[PDB]
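Residue numbers begin at 1 in each chain, while the letters A, B, ... track the order of the sequences.
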Amino acid sequence: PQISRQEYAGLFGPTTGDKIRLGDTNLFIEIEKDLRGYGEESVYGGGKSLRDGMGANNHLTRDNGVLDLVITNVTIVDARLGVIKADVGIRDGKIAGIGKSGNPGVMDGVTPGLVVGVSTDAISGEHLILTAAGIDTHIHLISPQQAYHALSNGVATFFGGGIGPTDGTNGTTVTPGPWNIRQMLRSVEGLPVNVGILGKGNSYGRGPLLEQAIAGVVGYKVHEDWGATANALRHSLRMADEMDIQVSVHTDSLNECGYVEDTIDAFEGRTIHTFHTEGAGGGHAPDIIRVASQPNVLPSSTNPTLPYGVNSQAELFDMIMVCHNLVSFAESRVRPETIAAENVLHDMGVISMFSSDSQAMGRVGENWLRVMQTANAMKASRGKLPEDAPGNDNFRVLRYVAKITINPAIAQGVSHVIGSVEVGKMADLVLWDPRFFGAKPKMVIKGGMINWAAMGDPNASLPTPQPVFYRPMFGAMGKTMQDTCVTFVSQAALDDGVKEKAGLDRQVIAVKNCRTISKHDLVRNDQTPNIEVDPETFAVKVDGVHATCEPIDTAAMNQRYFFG
Amino acid sequence: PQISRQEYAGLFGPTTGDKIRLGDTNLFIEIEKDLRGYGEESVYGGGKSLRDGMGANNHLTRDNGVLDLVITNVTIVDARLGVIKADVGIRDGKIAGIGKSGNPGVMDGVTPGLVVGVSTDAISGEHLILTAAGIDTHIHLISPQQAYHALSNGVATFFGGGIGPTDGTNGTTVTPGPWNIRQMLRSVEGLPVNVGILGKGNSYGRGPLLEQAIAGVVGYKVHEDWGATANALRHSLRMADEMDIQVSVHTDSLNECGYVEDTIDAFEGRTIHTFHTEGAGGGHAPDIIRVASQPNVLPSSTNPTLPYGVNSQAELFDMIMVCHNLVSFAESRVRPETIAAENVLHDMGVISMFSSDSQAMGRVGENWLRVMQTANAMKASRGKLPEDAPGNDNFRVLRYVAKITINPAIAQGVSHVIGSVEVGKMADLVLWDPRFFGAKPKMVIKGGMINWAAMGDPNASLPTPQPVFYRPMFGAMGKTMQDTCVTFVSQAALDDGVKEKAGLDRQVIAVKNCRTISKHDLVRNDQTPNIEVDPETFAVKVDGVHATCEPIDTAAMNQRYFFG
Amino acid sequence: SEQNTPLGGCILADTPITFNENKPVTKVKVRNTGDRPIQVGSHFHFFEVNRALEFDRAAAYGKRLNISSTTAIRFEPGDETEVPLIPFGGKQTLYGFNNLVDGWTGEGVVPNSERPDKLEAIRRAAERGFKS
Amino acid sequence: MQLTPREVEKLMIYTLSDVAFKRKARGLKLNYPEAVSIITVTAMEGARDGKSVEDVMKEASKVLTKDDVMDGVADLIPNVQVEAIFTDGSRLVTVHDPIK
Amino acid sequence: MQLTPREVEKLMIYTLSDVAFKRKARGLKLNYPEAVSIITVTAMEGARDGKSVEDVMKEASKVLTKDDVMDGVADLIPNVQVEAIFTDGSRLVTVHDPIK
Amino acid sequence: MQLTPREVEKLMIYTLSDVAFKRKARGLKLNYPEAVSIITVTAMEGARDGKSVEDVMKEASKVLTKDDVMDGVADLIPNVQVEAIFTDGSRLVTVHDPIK
Ligand code: NI
Ligand code: NI
Ligand code: NI
Ligand code: NI
């Protein structure tokens, strides 16, 4: 038979050629591909297709590869797969398939591995967007409660450091030494997010670095506050290459031991992650932004400058002046010209990642929000990216998504296990209502279980009655919370028995592929142009073109959606 | 000497012949028996009887059978013991005795096993009612927080299924497959209630059923949503009989593969638990209620139809129409005639259990409330049950109590360990103030420790100062929460080492006696009459007598007591 | 357009969706002979529907309703409706339902004869009470 | 007062609606949370006042207009659901398309 | 503001009594939680106002009558206790038979 | 309403400031928590009202005086900080020496 699109959509959601508005933004995504045929559509319910002997197989044991979970008729927004409509399948807390789910007994075209059976539960994705969960590379471990704010914006992995609210943690992403690291590994067992910890890089010999490596860190953080010296850099990077771990940097803002060019030379063409690349959050003043030209630099921005708004200068000024309990350090630190420039460079694919800088100038619960907010402000100011397709904003959206998903993963050497909706990966997933995209998710799926969700009255006759607020779920409960969460570590540590030694019940996974990567390995954000900054007026030129845009008055996904 | 009743009561509470009003209801209970003599009354306090060498033994070590806890001068409302006044004693998280407590050195008539000593703590039951904790057989594992709402109405055992807020869980009490089961077993370790999990019954061979059995389920749930076929039934029940586990059913509402009579024949005289037996919550329309005539059927109702009120039709209509995102399915699903009938049949002892259907049309924190509300509406409409005694409502009350206590237990094969205040049973107990009976308990005693309680300002100079709200206690803390909580499983699973394999710290107890039971084994609710439903007007006849009552305007234990 | 779409809204293309196009269609006449409503879904094995439905049962062997996935057809008491039927796909292996087949429902290889397991099925329907 | 989890949870509603009612009275156009608050409490208060589910439903579907809300909020609130405590007990109230 | 657990807990009281005072002013007869709220806050506010324990006690034992409450609520509230912060410190206030 | 941890947390502020504003209107001199509440909500409400960070800052630095507070409270409140939701997003507002 023949059915109208409108009727089809109502049953099954949007198909190839259909367009979806991402909130109250002016971004419109379009479905590129529909992997789940027509006429044999898998839906859970009374009188529906995923019933016994019909869409569901009723004779196969689980060891035949029957699924543990299926997400049906869902729109996948992923930086590597693009914008597709598919069934998604989970087995052993891993993504087994993307395609057409059902029962091959009674159905043509069931994707191998997507057999629904006796073992299978179901999620109805018809009117939903599925993303990879975000990854926040710049976490200060000041407060355990950050995790909750994060899960509530669709972030489920933390990279950083600290030891609670010490003055060192308030300023840097460091967990200093074998004792503090051990302690912190043990603590995070109580958190419903994945974690990897960073160590203190400012050391003269190998000894003090190696010690922390074996203790379990995934990285070394080089910070001004503890000394952002050439020495620090050099030894940190040399060790890193030895240990297959990452190095992150917060450069010398004062220009004490050098200018940016000297820092660059301290990198010695070695892979490095550069936090708040613009400089409002720290770095060689006015011109740390020039590191975004280099192939060995994996650049990030912290989220308080994105998007650039009318209140942005006022805020930042006042913030530093309290951050550093303080004026010529101030107005040199806080530059309208470079902030605008950061925005543009993002849109170009020259700054490759978003981050929070949690409770050290940024907002742990706003990375997915701000990303979307930025994409939309930038469409307005610049129009369509050249690579956009005329009818849709896919190219753009997808650039931005890479920023909080696959790119962070790649940077910290965990793209093998997390960061994209792809076969063989850990199911660290987020479900969204389009109406709420970026802002307010439906749920978080954390190791194949729902860990976090928007839930109303537990006494009510439905799950939807008011008050609806974010709450832990069963994946967040008991021994499952550890079972479903990863503690990232060094291979050195893994090999030394960190899991036993530290007594960790978390999944313990070795970071890998941190040192052979470059800017060009980054997804949709692989551009290395010439960047020039004017030491007087702080004006930024990118391949000779002035890089600016005007501040926004009104943000999307903002006062409409939030009481906060 | 001689003392007035009124003076006696004030000291010791009510004795044989004294009558107690259960809230703001018109139900009056009467003490049948007083087991704790006169003149040697055991009370805790300064200058009182349970002092060293007097009422308390001071020379016996614990291995002489001295108690760990004593509840004194308490009124026991239990479906097997009736309405008695006694001392209650706990040892090794078990009920050791019901009788007269004290010191046999200095006292006549101390019940063996009720020696109070150096080991003993005390609870003053003088002005209190003691019940068995309720058991909720129809739990959807949508939200972990349900447990708190439950404990707060005197429920401490959950039977059901799910995997958090998936569409399958939102509709059914299923934890599908061995992976999901394992996960869920592990999760519930974090909950302060007893649990047994249900599996997915809709399978063609033995394989897929056996799987889940060994993985640890206590039952199989047959649901329309996954297929409520004859096939499903048949194979589920055959396996059940093999595994000594239970089968619960939510029948085909659409009459797709059959009518009720065909379902009945699919049961094949085999023991079965029938959820929402009336049909508002699901089932063969209009007439699923006829299953309550059969000796092999152990019938239950979900709690939103009990009691029948003036707003009941409006509510239910609208609820389905959203439950199923929807009118001739609606007005056939929602039948005033059968809802009234459900109410009557309850009062007759023809529907044997109350249940919630938690966040899938019923209210997890209202089972004890609604039970009492129903008893009282029914007294009003019908008067005294024929078996009532003229001065009191004991027969009635006790029928109702069986519904949330012993009957659920029997149905799921756990009456050996829980469901009644009887010697040798797990101390899963609730304490109530008569003034608040059914509604707002004082405390919950969970494995011999207080796990949950109404507690005011922890900073205050007493436990009673405002705000008073329900709070976890020490039994709900640490490693004790697992020690004091049971995870019910299959014998198959137990024997296969589920406890080791799954790594459970809970008490792990095999369900037993599920398959040899019938309706007549049920306590105070053992009636199998002829039930007829009119396919036009939906009118119900029970042994030829029209089964109806009129809706209530005003519920007892309701707006007086609750802000909710 | 884009200027008019609500928050989270969809802009749908025009082209209708065509489903089940290849599949051969059998029309059967269905009367509900019971007193209660019967409703049947898209993927149910029509052969094995509620005993009270009277139709050419032989014709529904290996068949489903040629309607939209997830939808259903309602057969009210004492009414007659014509329904389109289509074969199941995949392996044409049907287990469960009312335990009438518990196997292969395909045609097999011989045009202008019936497989004997089909005739068995059909006979068994008849004496289990499934109205034809 | 022996407050149960259901009782405590409902305090959030009361607090957000008080803020919301103050804002609406200043002429502010309401957002999503705020608007949901006002509809929810309207129902709840009706229940307490002794009305029927039917009657409260009407009442709540009429408290807010398109004008009173920020553009688009309607699209965010197709229905509102709350459990309230009626004379005959706790009951679910669905309020259909409340922002007309 | 460095709010301690005792400080935070007291916000529940303030929220329920605001609701309760609104209801009483509509002529609604109060329930148990609501009534307990009003007596509690009366004390608390007295404390803050600088009164004696003795004086607040009187005040709180007089705020609600039998008429102002739902039949039976009295039986549910024999006494109310709260800790309040008096000029000389935190002190327990018992209010004896407040619904006369 | 899908309330996030940040949204829920802010209800505490609203509840304490309502109490605080009632007290100030009785002529009570405010304490530390109360005073911090009033400054915080002033900012927050400004944000919502559509003002600039600059403008709200002024507003909040002027709501309370030395007279309106208990002796010494000033010394306890050198600055107040809150994150509010401005038209352009969430922003930190520092309010310098608010009790003048
Ligand atoms: Ni930094
Ligand atoms: Ni930082
Ligand atoms: Ni059901
Ligand atoms: Ni159910």
Please evaluate residues B:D393 and B:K384 with respect to the criterion salt bridge (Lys or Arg N to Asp or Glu O under 4.0 Å), reporting the C-alpha separation (whole Å), side-chain torsions for both, the decisive distance (0.1 Å), and the verdict. CA-CA 8 Å; B:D393 301 308; B:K384 312 279 292 221; 3.5 Å; yes

Walk me through whether B:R363 and A:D457 qualify under salt bridge (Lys or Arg N to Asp or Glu O under 4.0 Å). CA-CA 10 Å; B:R363 308 185 182 100; A:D457 177 4; over 6 Å; no

Could you go through the salt bridge (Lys or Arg N to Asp or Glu O under 4.0 Å) check for B:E422 and B:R80 one step at a time? CA-CA 8 Å; B:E422 292 185 302; B:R80 294 240 174 97; 3.7 Å; yes

Would B:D68 and B:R91 satisfy salt bridge (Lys or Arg N to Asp or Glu O under 4.0 Å), going step by step from the backbone distance to the final call? CA-CA 5 Å; B:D68 297 324; B:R91 210 164 185 275; 5.2 Å; no

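Under the side-chain contact (heavy atoms from CB on, under 4.5 Å) rule, B:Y470 has a single partner from B:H149, B:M455, B:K440, which is B:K440. Between B:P14 and the options B:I31, B:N73, B:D34, a side-chain contact (heavy atoms from CB on, under 4.5 Å) holds for only B:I31.
Closest of all the heavy-atom pairs between B:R435 and E:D75 is NH1-O, 3.3 Å. The heavy-atom pair separating B:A556 from B:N376 by the smallest distance is CB-ND2, 3.8 Å.
Within 6.0 Å of CZ in B:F395 there are more than 12 heavy atoms belonging to other residues, nucleotides or ligands. Counting heavy-atom neighbours within 6.0 Å of B:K425 NZ, excluding the residue itself, gives a total above 12.
Aromatic rings from B:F437 and B:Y561 are positioned such that their centres are separated by 6.0 Å or more. Aromatic rings of B:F354 and B:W368 (six-membered ring for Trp) have centroids beyond the 6.0 Å cut-off, not under it.
In this structure, D:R6 forms a cation-pi arrangement with B:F562, its terminal cationic atom sitting closer than 6.0 Å to the ring centre and no more than 45° off the ring axis.
Listed for the E:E34 side chain is no donor-acceptor partner under 3.5 Å among the backbone atoms of B:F563.
Residues B:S352 and B:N525 bring no donor and acceptor atom of their side chains to less than 3.5 Å of each other.
With respect to B:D347 and B:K379, no salt bridge is recorded, no charged nitrogen being found less than 4.0 Å from a carboxylate O.
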